[PDB]
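Trainee:
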Amino acid sequence: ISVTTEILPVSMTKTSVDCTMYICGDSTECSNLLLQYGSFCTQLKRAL
Amino acid sequence: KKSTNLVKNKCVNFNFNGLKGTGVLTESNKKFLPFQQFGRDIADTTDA
Numbered sequence: 212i213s214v215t216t217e218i219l220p221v222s223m224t225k226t227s228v229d230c231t232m233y234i235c236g237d238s239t240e241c242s243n244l245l246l247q248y249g250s251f252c253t254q255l256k257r258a259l
Numbered sequence: 012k013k014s015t016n017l018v019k020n021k022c023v024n025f026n027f028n029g030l031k032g033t034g035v036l037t038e039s040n041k042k043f044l045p046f047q048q049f050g051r052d053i054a055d056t057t058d059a
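Protein chains in written order, with the numbering used here: chain A, 212 to 259; chain B, 12 to 59.
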């Protein structure tokens, strides 16, 4: 009578990202400049 | 230029010798050397 071990992954860690903090940070001028590019943040948020 | 009193433990704007930023200032236990002025983190942003 033998006993064997098998290991299988199931889940994965969940992450969230912020656009303005990563790209611009603590500068308002960069935010006002970045407001005129598009809506990539919506796509990133939806995927995550 | 002018000068102003130092406030701590409140989110404020600071201009240290031309270095502009927004954040909260705290007493530090770090030890510097006579030829050093500030430190940096992994992403080359000032922390001390």
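We treat Cβ as the ideally placed atom computed from N, Cα and C, and that holds for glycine.
Nearest to residue 13 of chain B by alpha carbon, out of B:25, B:44 and B:19?
Mentor: For the purposes of this step, residue 13 of chain B is identified with residue 2 of the second sequence, where counting begins at 1. Out of B:25, B:44 and B:19, B:25 has the C-alpha closest to the C-alpha of residue 13 of chain B.
Trainee: Using the DSSP secondary-structure output, state which residues sit across from residue 26 of chain B in a beta bridge.
Mentor: Walking along the second sequence from the start, residue 26 of chain B turns up at place 15. Answer is B:31, bridged to residue 26 of chain B.
Trainee: Taking the continuous alpha helix (DSSP H) assigned at residue 243 of chain A, which residues delimit it?
Mentor: For the purposes of this step, residue 243 of chain A is identified with residue 32 of the first sequence, where counting begins at 1. 239 to 245 is the span of the alpha helix (DSSP H), which, as asked, contains residue 243 of chain A.
Trainee: Give me the Cα-Cα distance between residue 219 of chain A and residue 31 of chain B, rounded to the nearest whole angstrom.
Mentor: On the first sequence, position 8 is the one that residue 219 of chain A refers to. On the second sequence, position 20 is the one that residue 31 of chain B refers to. In a straight line, the C-alpha of residue 219 of chain A is about 50 Å away from that of residue 31 of chain B.
Trainee: Assign residue 253 of chain A to one of three DSSP states: helix, strand, or coil.
Mentor: Here residue 253 of chain A corresponds to residue number 42 of the first sequence, with the count starting at 1. Note: residue 253 of chain A maps to helix in three-state DSSP.
Trainee: Give me, in chain order, the residues of the same chain whose beta-carbon lies closer than 6 Å to that of residue 251 of chain A; leave out the 5 immediate sequence neighbours on both sides.
Mentor: One-based indexing of the first sequence puts residue 251 of chain A at position 40. Excluding positions up to five away in sequence, the list is empty.
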